[PDB]
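The opening position of the sequence shown corresponds to residue 0 in PDB author numbering, with each subsequent residue numbered one higher.
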Amino acid sequence: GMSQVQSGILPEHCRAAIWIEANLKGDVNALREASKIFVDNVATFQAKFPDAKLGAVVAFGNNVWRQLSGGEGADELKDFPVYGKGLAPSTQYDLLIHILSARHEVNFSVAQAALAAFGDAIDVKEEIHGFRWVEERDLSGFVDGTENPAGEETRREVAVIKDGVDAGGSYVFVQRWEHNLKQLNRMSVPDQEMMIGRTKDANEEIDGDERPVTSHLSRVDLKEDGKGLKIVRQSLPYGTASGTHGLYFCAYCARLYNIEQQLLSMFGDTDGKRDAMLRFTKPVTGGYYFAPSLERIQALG
Ligand code: HEM
Ligand SMILES: [Mg+2]
């Protein structure tokens, strides 16, 4: 009588991922059988490739999740708002598929199985292939992940809903950033470090009273009476060297509130100041999704 989390939320250090964002074209009932087929395919791929340490998540947008759930649970779920009156655009879609493992080839086969399961009931809007870069660096050259929740126990505490109808579920936020590395390279390495809030090569935290309030860490390291608003990030670099490249931002949280507070801070809604990373990179997509527990994907129908 308990709930099982979807396999793609908790895994750490996965070197590769595939994110598919899509709109529902047909009847919402088509997503019920397709989701059951896909979670079945993920279990089949895990049995065939045990050393891939494969995980996947199927998550739903506000409109379609209210229909599938009959309005029960997922109290915080809503369409992703525009933050900063436009600084963070909104591209809310109906379905999110997140696949992650140690092997891109296996993720690609799993992505093909997801497309075969949903078929022509969906319209694919985005497909991004994430890759861990050297020293787990973001393409800017700064290490991405140091203060991210560590170990299964703390990651469950931060990302997984504990009780009630949504037990085992999680809220997902996805946002694709396009880096302008030419604009970053014009900045001196000390100016870049003040923009992030950590040193570049050694990845040391700059003290809060020594770094600007617009620094990335000052915008997102938020506390409410000493309790941090933590999230489980699964972001990865993406793109081509000569074309579009940047960071595909992805985060899971048991409460959508923690993610929203960080976005209100970053995009100027809380105190009128915005994230210094906006001098070289910009978000171009944005969406909120609800990832139900595994047994509630089996109860669809
Ligand atoms: C271009 C996009 C982004 C880049 C390159 C980026 C990069 C980084 C870097 C380098 C760190 C420091 C090392 C660490 O992980 O602890 C960091 C920390 C963090 N970022 Fe971001 N980030 C981006 C977007 C976001 C967004 C959109 C959110 C949330 C809405 C976010 C939330 C966080 C959190 C919570 C931390 C850890 C803060 C702490 O407690 O020390 N980031 N990010
Ligand atoms: Mg801290």
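Idealized CB from N, CA, C, for every residue including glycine.
Alpha carbon to alpha carbon, how far is residue i from residue j?
i                 : j             : result
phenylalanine 279 : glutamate 204 : 21 Å
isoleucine 19     : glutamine 45  : 20 Å
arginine 155      : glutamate 11  : 12 Å
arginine 14       : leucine 235   : 9 Å
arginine 131      : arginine 65   : 35 Å
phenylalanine 48  : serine 108    : 11 Å
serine 241        : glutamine 297 : 43 Å
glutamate 134     : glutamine 233 : 16 Å
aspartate 50      : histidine 128 : 20 Å
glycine 227       : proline 80    : 23 Å
residue 302       : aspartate 200 : The chain is shown only over 0 to 300; residue 302 falls outside these bounds and no answer can be derived.
Is the closest heavy atom of ligand 2 to the C-beta of residue i under 7 Å?
i             : result
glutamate 203 : no
When DSSP labels each residue in this structure, what does residue i get in the three-state scheme?
i            : result
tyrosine 82  : strand
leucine 262  : helix
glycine 118  : helix
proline 282  : strand
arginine 254 : coil
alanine 201  : coil
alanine 275  : helix
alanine 298  : coil
Using a Cβ-based criterion (distance less than 7 Å to any ligand heavy atom), does residue i qualify as near ligand 1?
i              : result
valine 142     : yes
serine 139     : yes
residue 371    : In this structure the chain extends from 0 to 300, so residue 371 is not present and cannot be described.
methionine 265 : yes
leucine 9      : no
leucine 99     : no
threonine 198  : no
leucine 262    : yes
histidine 244  : no
Verify whether the separation of the beta carbon atoms of residue i and residue j is less than 8 Å.
i              : j           : result
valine 41      : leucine 53  : yes
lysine 161     : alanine 253 : yes
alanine 166    : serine 292  : yes
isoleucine 230 : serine 214  : no
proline 88     : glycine 285 : yes
residue 364    : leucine 255 : Since the first residue of the chain shown is 0 and the last is 300, residue 364 is not available in this structure.
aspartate 137  : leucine 246 : yes
Entirely enclosed alpha helix (DSSP H) segments - the stretch 12-92, minimum 4 residues: If only uninterrupted alpha helix (DSSP H) runs of at least 4 residues are considered, those enclosed by the stretch 12-92 are 29-47, 61-68.
Test item, CB below 6 Å from any non-hydrogen atom of ligand 3: Questions concerning ligand 3 fall outside what the structure shown contains, since the ligands it does hold are ligand 1 and ligand 2.
In chain order, each beta strand (DSSP E) run of at least 3 residues that lies wholly inside the stretch 91-154: The stretch 91-154 contains these whole beta strand (DSSP E) runs: 94-100, 121-130.
Whole runs of the alpha helix (DSSP H) within the stretch 208-249, excluding any shorter than 4 residues: Unbroken alpha helix (DSSP H) runs of no fewer than 4 residues, entirely contained in the stretch 208-249, are found at 215-219, following chain order.
3-residue-minimum beta strand (DSSP E) runs that sit fully inside the stretch 163-204, ordered along the chain: Whole beta strand (DSSP E) segments, 3+ residues: 169-178.
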